[PDB]
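Chains as they are written, first to last, in the authors' numbering: chain A, 1 to 122; chain B, 1 to 122. For every residue, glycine included, the Cβ atom is placed at its ideal position computed from N, Cα and C. Here the structure comes first, spelled out in structure tokens, and everything after it is commentary.
2 protein chains.
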Amino acid sequence: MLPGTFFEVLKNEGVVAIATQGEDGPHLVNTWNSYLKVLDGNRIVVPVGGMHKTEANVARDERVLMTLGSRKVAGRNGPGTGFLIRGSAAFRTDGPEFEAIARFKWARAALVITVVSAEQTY
Amino acid sequence: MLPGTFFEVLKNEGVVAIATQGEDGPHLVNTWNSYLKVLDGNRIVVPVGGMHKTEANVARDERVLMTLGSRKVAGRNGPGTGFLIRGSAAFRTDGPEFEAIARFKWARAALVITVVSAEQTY
Ligand SMILES: Cc1cc2nc3c(=O)[nH]c(=O)nc-3n(C[C@H](O)[C@H](O)[C@H](O)COP(=O)(O)O)c2cc1C
Ligand SMILES: Cc1cc2nc3c(=O)[nH]c(=O)nc-3n(C[C@H](O)[C@H](O)[C@H](O)COP(=O)(O)O)c2cc1C
């Protein structure tokens, strides 16, 4: 489902943002474009070092939002583009999804987002 | 209270993310590092073209989260750093805050975030 333009964004560096529902409002954490791994089945894997508040939020509501982009990829009306990703999150500490990010030796886990929609929003 | 490292980040391009409280989960939208205008009094101003869902969310709860960063600025984890900003948001459609982004002729409003806290998170 993820489009070619998305993979082009991933070729460039940038700040990824991951929003979850917290008790008193949204919560928002980050990773880097270059840290993301994409798997078959529309899955995006993030290396987790911290994200303890994020993990607790995911346990109460697995639905998350992710944005990322790059000024170096042409958008619909001008330089740069990016995406809003909606999907369901789960945390893994072993298995192939963990092996995707295991080169990051500080990772205590893998955050795996199963994408339901990806919208190019610029 | 925005620290010097934050302004270093703004010398570099990137994707800014802004999270708001939706009816049933967070909402998350973006701008570019290069579009932000910082004013005295801890104010970050964002040119608004769209952000109608975000505006309705700000009406329900003025508290927002913003993240931004840059690989080109040193952090505490080698190359790269970024910030979690918490603040109160308002949409301005007149006045000096609107004029600060009014060269963007596509702007219908300025999203003004009055920063309460800035945390360097990498
Ligand atoms: C640009 C950037 C990159 C980040 N990359 C990671 C990452 O890959 N993994 C991670 O666990 N935290 C990363 N962080 C830190 C998280 O955003 C977050 O502050 C931390 O994991 C704590 O999460 P929590 O607030 O959900 O407990 C990054 C921060 C920034 C600014
Ligand atoms: C990297 C990037 C930058 C964007 N810059 C802006 C911007 O400066 N102002 C704007 O209104 N929308 C911008 N957008 C679009 C918003 O993220 C959002 O999709 C749109 O304004 C609709 O907001 P809403 O979902 O709150 O209605 C940008 C999107 C991307 C991917």
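Distance between beta carbons of residue j and residue i, contact taken as under 8 angstroms
{"i": "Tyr35 of chain B", "j": "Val48 of chain B", "result": "Not really, about 10 angstroms apart at Cβ, beyond 8 angstroms."}
{"i": "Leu84 of chain B", "j": "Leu65 of chain B", "result": "7 angstroms"}
{"i": "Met1 of chain B", "j": "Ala118 of chain B", "result": "6 angstroms"}
{"i": "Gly75 of chain B", "j": "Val115 of chain B", "result": "Contact flag wrong, Cβ pair sits at about 20 angstroms."}
{"i": "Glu55 of chain B", "j": "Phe91 of chain B", "result": "5 angstroms"}
Counterpart residues of residue i in DSSP-defined beta bridges
{"i": "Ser70 of chain B", "result": "B:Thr81"}
{"i": "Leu28 of chain A", "result": "A:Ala19"}
{"i": "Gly87 of chain B", "result": "B:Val64 and B:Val115"}
{"i": "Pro3 of chain B", "result": "Partner(s): none; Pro3 of chain B has no beta bridge."}
{"i": "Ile44 of chain A", "result": "A:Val38 and A:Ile113"}
{"i": "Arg92 of chain A", "result": "A:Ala110"}
{"i": "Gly75 of chain A", "result": "A:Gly78"}
Any non-hydrogen atom of ligand 2 within 8 angstroms of residue i CB
{"i": "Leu68 of chain B", "result": "no"}
{"i": "residue 134 of chain A", "result": "Residue 134 of chain A lies beyond the range of chain A shown here (1 to 122); nothing can be said about it."}
{"i": "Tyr35 of chain B", "result": "yes"}
{"i": "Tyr122 of chain B", "result": "no"}
{"i": "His27 of chain B", "result": "yes"}
{"i": "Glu55 of chain B", "result": "yes"}
{"i": "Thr31 of chain B", "result": "yes"}
{"i": "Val45 of chain B", "result": "no"}
{"i": "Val64 of chain A", "result": "no"}
{"i": "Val15 of chain B", "result": "yes"}
{"i": "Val115 of chain A", "result": "no"}
{"i": "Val9 of chain B", "result": "no"}
Rounded C-alpha distance that separates residue i from residue j
{"i": "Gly69 of chain A", "j": "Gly95 of chain A", "result": "29 angstroms"}
{"i": "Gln21 of chain A", "j": "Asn30 of chain B", "result": "18 angstroms"}
{"i": "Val9 of chain A", "j": "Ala100 of chain B", "result": "30 angstroms"}
{"i": "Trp106 of chain A", "j": "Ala107 of chain B", "result": "43 angstroms"}
{"i": "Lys37 of chain A", "j": "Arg43 of chain A", "result": "8 angstroms"}
{"i": "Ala102 of chain A", "j": "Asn57 of chain A", "result": "23 angstroms"}
{"i": "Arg63 of chain B", "j": "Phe6 of chain B", "result": "20 angstroms"}
{"i": "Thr121 of chain A", "j": "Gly82 of chain A", "result": "6 angstroms"}
{"i": "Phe104 of chain B", "j": "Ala109 of chain A", "result": "43 angstroms"}
{"i": "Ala59 of chain A", "j": "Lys53 of chain A", "result": "10 angstroms"}
{"i": "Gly78 of chain A", "j": "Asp61 of chain B", "result": "32 angstroms"}
{"i": "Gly4 of chain A", "j": "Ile113 of chain B", "result": "34 angstroms"}
{"i": "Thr67 of chain A", "j": "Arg71 of chain B", "result": "17 angstroms"}
Residue i beta carbon near ligand 1 (any heavy atom closer than 8 angstroms)
{"i": "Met51 of chain A", "result": "yes"}
{"i": "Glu97 of chain B", "result": "no"}
{"i": "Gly80 of chain B", "result": "yes"}
{"i": "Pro3 of chain A", "result": "no"}
{"i": "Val73 of chain B", "result": "no"}
{"i": "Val112 of chain B", "result": "no"}
Would you call the stretch 7-18 of chain A and the stretch 13-21 of chain B touching, i.e. three or more CB-CB distances under 8 angstroms? yes
Would the stretch 19-28 of chain B and the stretch 25-32 of chain A be scored as touching if the rule is three or more Cβ pairs under 8 angstroms? yes
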